[PDB]
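One chain comes next, on its own, written out as structure tokens in the form deposited in one PDB entry.
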């Protein structure tokens, strides 16, 4: 068929849209994608479908999608076209069509890892419709039809809210008007997992590097094992940790924590080398170095942790 002609002859047809989240899963940090399963509801007026509720013995009447004109509604930030099962189509005597489908889709939405793993994100789902030559078509948001099931979970996140920006973006694209709505799922990451995956190994590796200051300065190999293994451990943890993220250009909050831990451990190595350098000549100097280090290192590290955890929580 063709689109409903305008009664005002010059009026845009608006399609009232709503999304109801049923299932939300597979939030992939590295791919910056997530999978969503929801209701899509569309509503518009096609007076061609009007009918007498009495002559037609039905209060509503229901159609197959093949029977009537339906707006071509597409998702933008999706990998493939969604998979949809039309659920219901109900017309009113005045021509008001209420369309309901259930869809699943792989949404592509970029993440801001700067504050990671203390990050919040806005996942976006962009709806769009392209105007035909006979009529311009415009999207709108029916707030009654937006929401999400209570049993919606992302197994590592707190889900804040699912809302829609009511005023759409209308613009020209290849000589036709396109109309775009922005559905926004706000989430904030649950960082605790990482505390025992990365932060604790880091803190313990720093402490372990500091244990070397209490070993006798003459047992040089022992202190060597301490200093060297803690340096290699920091390097391994650093690489491992950045392996969870996409190849982002910037540095994360975890990056800063790991880099400072690497600073403390490598400084313990430099301290061991200096102390070893002054042990025969000027043993008083070496002894003073260890005496001060045993207090300074764990103090600067404690203060650092205070500023860090105070800041990012």
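Residue numbers count along the first chain shown, from 1. If you superpose the two forms and keep the largest set of C-alpha atoms that fall within 1.5 Å, you have the rigid core. Only residues modelled in both forms are compared.
What comes next is about the form deposited in another entry, which does not appear here.
With the two forms fitted on their core, the C-alpha shifts between this form and the one not shown stay under 2 Å for all of 270, 284, 67, 54 except 54.
The Cα shift for residue 306 between this form and the one not shown, taken after rigid core superposition, is smaller than 2 angstroms.
Core-aligned CA deviation for residue 9 between this form and the one not shown: 2 Å or greater. Considering only residues present in both forms and aligning them on the rigid core, one finds runs of three or more residues with C-alpha shifts of 2 angstroms or more between this form and the one not shown at 2-9, 53-57.
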